[PDB]
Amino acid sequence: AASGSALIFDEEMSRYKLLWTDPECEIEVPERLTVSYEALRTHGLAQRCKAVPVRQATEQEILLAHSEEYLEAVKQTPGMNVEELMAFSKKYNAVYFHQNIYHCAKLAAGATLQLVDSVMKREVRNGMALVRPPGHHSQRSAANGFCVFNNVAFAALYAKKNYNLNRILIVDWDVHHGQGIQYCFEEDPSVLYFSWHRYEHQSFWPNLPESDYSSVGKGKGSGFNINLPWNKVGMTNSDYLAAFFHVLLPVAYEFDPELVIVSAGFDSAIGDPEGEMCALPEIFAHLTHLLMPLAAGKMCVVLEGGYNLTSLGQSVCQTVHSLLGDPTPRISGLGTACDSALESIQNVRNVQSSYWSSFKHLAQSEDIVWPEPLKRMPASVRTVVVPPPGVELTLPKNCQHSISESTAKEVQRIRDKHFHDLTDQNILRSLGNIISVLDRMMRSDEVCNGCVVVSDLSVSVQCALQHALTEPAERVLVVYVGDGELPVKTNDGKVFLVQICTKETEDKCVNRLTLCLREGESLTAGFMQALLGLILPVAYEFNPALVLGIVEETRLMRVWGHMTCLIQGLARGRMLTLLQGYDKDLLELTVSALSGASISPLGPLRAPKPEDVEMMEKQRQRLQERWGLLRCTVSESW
C-alpha cells in the first residue's frame, strides 16, 4: 500500500517573468512559486513530503496535446530578444513570453508527469506540483492566459497512454474556466472534466459561450464535461461546498475514476484580485478531503493560478495538510448557497440529468483581511482501538490499543447515579475505555479518533454522549446504523442524529435525519446518494465538535469506510465509533478508515431505487429550510 505525499518543485520555474509594462499581465510573478514553497517549509509540510525532482517533458510528450507547428513556434522563443518576445506574445491573448519560459514550460509539464508516475507507481499516495507557467488555458495550437502547455491535460493523456486507465477525473477549482482542458477532452468520455469559474453571464474572461453550464461535452463525450458558472462575485465556503455536495461529488463517485487530477488554482480564494471570491483558505482543506476517497486516494494536485501572495500560501498549506492526512479545520458559519449559485447549481443539474442518475428532478414528473488559519497538527497517535478483552490485532502504524483511577472513580459515580443494578464488569470496562479515549481525543490533543467494541448499547451510548457534552463538546453529531430508539435527546440543538435504519419511520424533529433504505442490490448507491446529498450538507452546517458513530449488531455496509473517511471532515476528525459485538472485518475496516488509510473504490452499483430517491428528496424538502446547505434549487419566494 502506497504511503507519503510527493511535493514537486524547482526554483528554476521562478526564473522567467514579464519583461515589459502590462498591468493585466504583471500579476503573474515568480514570487507565486517562492511564497508557496516557503509557506510549506515554514509550517513543516515540505519537510514531510517526498521531494521528487522535476524533469523536462519530452517533445513526444508535448505532442500528446499540442501541434508540431505550435511546439516549433514556442521552441524559437529562447532565441528571441525582448522586442521579438513582445511581438510573439501579442499573437496570443493574456500571455507573455520570456527567454526562459519555454524551458520552464517543459519543466512545469515534466513536473506534472513525474507526479503522475510517482502516484501511479504507488511510490506515494498522492502529491502536489508547484509549477509555473500554469497550464489549463493553453490549447492544441495556442498559448493563452499565462499558459504555454497544458500541464493537466498532459497528465491525463500520459496516464491513459502509459497506465491504460479508462476513467480519469479532472477537478478544476481555479476561478477561471480551463477551456484548454475542455477542448482537449470534449469528445472523450474517459476523462471527466469539472470546472467552476467566475463567468458573470459571459462577461468575465475568457468570455466564452462554451464556458456555460450547457456545454456538457460532444458526441461520445456528452455528459463528461461539467461547467458550473459563477454569475456573481463574493462566492463563499457555503457556495463551494454546495457545488461539491450537489454537483461534483455525486457525479465523481458514480464515475468512479481510477485517478484524480486537480487543476488547483487558488485565485478562487478570498483576497484574490482576479477571482474576487470570499472562500477561506480552509475550504481547500475540505475540497481536497472530499475527493481523497476516490481512486484509492490517488490524487495529483497541480498548481494553476493564485495571485494574492498571502491567500496563496495559506491555501497551498491547507491543501498539502490534507494530502498528508492532517486533521481538517472546522468550517463555521455555513448555510444556504446564495441565489445566484443555487441557480447555477439548479441549471447544471438539470442539463446533466440525461447523463447522471441522481440529477432527474420530478417524482413521476420526470485591502481584504481575514483571520489567519489555525495550526493543523497530526495527533500523536491518530486512532485508539479497544477490541474485546483478549483480542490482539495487527494495527496500522499510527494506531494503538487503549485506564486511570480518576477515570475509574468517574465510572463508579455514573453507575451509582444512573445504572443502580449494573454490575457486568465487562460493561464497566467499556465505559472506562469510552471515557478514557474521549478524554484523549478532546482535552489531550494526543489522540484524534477511536473505535471501541461494546456489548450494552444503551449504557455505552448514554455514557459516550453525556461525557462528550461536558468535555465540553458544544455540539455532537451522532451517526447510528440500526433500528430502535437510542437514549439520545435531539431537542436543544446540541445533538443532531443521523439514523440509517431498515424500518420506515416518521421524522418530526428537524434535528434528526432518518434514512430507511430499501434492502436490495441498490442499497449501496442509495446510501452514497444520501451521504453526499443529505448527510454531509447537514453535518457541515451543524459543525459538530465530535462525531459519535454507532453500529448495532444486526452485513451490507460496504459503505462504512467512505462514511468514516468523509465524516472526518467534521469535528477536526474527532470521531468515536462504538461497534456493538465483535465483527473482525468491520472493526478492521473502521480502524483502517479512522487511521487515514486509503479506501477501496466502490466500482459500479445498481442505480438507486426510485422509492429511495423519493424518500431522500422528502427528507431534503423536510429539512432544507432549517439546513440551507441542503438546497440544490432556488427557493420559491412567496
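Each form is matched to the other, and the largest set of C-alpha atoms that superpose within 1.5 Å is called the rigid core. Numbers for residues come from their place in the sequence shown, where the first is 1.
Core-fitted comparison in 6 other deposited structures of this protein shows that, between 189-197 and 353-361, the CA atoms farther from the shown form belong to 353-361.
Take 151-159 and 438-446, fit the other structures onto the shown form by the rigid core, and average the C-alpha distances in 6 other deposited structures of this protein: the farther stretch is 438-446. Among other deposited entries of this protein with both flanking residues present, none omit coordinates for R140; it is modelled throughout, well short of a third.
For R555, the fraction of other compared entries lacking coordinates, among those that model flanking residues, reaches at least a third. Going from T502 to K503, the model skips none of the deposited residues; the chain is continuous there. In this entry, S402 is separated from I403 by 1 to 3 residues of the deposited sequence that have no coordinates.
In this entry, 493-501 has the higher mean Cα B-factor, the comparison being between 242-250 and 493-501. Averaged over Cα atoms, the B-factor as recorded in the entry is higher for 476-484 than for the other of 476-484 and 182-190. Annotation for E59, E69, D612, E31: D612 ranks highest, by Cα B-factor. In this structure the maximum Cα B-factor among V351, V320, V559, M235 is found at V559. Sort the chain's modelled residues by C-alpha temperature factor and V302 lands in the lowest third, per the entry.
Ranked by C-alpha B-factor against the other modelled residues of its chain, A295 falls in the middle third. Placement of the Cα temperature factor of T394 within the chain: highest third of the modelled residues, per the deposited record. In the PDB entry, a CA B factor belonging to the highest third of its chain's modelled residues is recorded for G520. Ranked against the other modelled residues of its chain, the C-alpha B-factor of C147 as given in the entry falls in the lowest third.
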